[PDB]
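What follows is a short report on a single structure.
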Amino acid sequence: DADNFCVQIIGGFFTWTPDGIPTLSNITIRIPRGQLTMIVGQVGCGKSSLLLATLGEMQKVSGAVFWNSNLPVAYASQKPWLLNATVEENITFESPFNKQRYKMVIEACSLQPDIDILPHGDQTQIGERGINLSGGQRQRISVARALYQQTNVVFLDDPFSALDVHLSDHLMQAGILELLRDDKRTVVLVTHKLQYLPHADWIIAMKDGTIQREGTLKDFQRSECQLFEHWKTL
């Protein structure tokens, strides 16, 4: 079924093949069920040390990772990515889609003015040749297109990267809100701006290679830590 929406990361030894020096070591945790947890710390591409490697696209040497008993898993790319096609064909990866989740997405993504800016809109050319697309628009159709599949697992990167306040709260209006980005479907995400963090049920931060703490914003505030840091130095 849905894999139960858990992650087993135990005694991680991350192998970066061409490097020779294991930049990250022993970042481990178990992601819980029905649990929204935003990987935080804004380490940069180190969050991608959590995407490629610590999310299992690469292989962890010592210890291991495990996801349910059965081995739908999706994530959005950092850099702008698309396939040359209709923008609708862009919002939809090779699997199908329907009008309810369609409007659920472009309306969720609030793309209506955005997808009305490009001249032909829906069937307009979208991709490499032609169709010059705004950066936040790439993170945009990349984002919904990520969550448009409506499958168990999902992952985000730099949600406000070169984005706007209207698209920040709007990124709260699509991103969590009450929307399908939230509630029963399991999710993951990594922010940049430290202010909007409060909407996160669960939080985690990164120090060097290892998790600085595992828990909520209270105990780490008690750790005078990044949660207490955005308090001290905002």
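Numbers below:
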read-out: Members of region 21-44 found to be in contact with a helix residue (DSSP H, G or I) (Cβ under 7 Å, 6 or more places away or on another chain) and among the small types (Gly, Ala, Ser), listed by number; value: 41
read-out: Candidates 142, 223, filtered to the one that is within 25 Å of residue 43 (Cα to Cα), more than 21 Å from the chain's Cα centre (by Cα) and among the hydroxyl-bearing types (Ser, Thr, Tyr); value: 223
read-out: Pair list, Cβ under 6 Å, 6 or more apart: region 155-174 residue hydroxyl-bearing (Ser, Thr, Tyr), other residue assigned to a loop (DSSP other than H, G, I, E, B); value: 168/160
read-out: Residue in region 26-48 that is surrounded by the fewest Cβ atoms within 10 Å (Cβ to Cβ), counting only those that are touching a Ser or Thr at 6+ places or on another chain (Cβ under 7 Å) and more than 23 Å from residue 198 (Cβ to Cβ); value: 26
read-out: Set 14, 5: member being within 19 Å of the chain's Cα centre (by Cα), buried (at least 19 other Cβ atoms within 10 Å of the Cβ), more than 23 Å from residue 136 (Cα to Cα) and among the aromatic types (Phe, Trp, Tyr); value: 5
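Yes/no matrix, rows are residues, columns are (1) of a type in the set (A, V, I, L, M); (2) within 29 Å of residue 82 (Cα to Cα); (3) touching a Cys at 6+ places or on another chain (Cβ under 9 Å); (4) crowded, with 20+ Cβ neighbours inside 10 Å:
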| position | (1), (2), (3), (4) |
| --- | --- |
| 131 | yes, yes, no, no |
| 139 | no, yes, no, yes |
| 196 | no, yes, no, no |
| 212 | no, no, yes, no |
| 225 | no, no, no, no |
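No Cβ is skipped: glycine too gets one built from the backbone with ideal geometry, and neighbour counts run over all protein chains shown. FYI, it's all coordinate maths here, none of it is from the lab.
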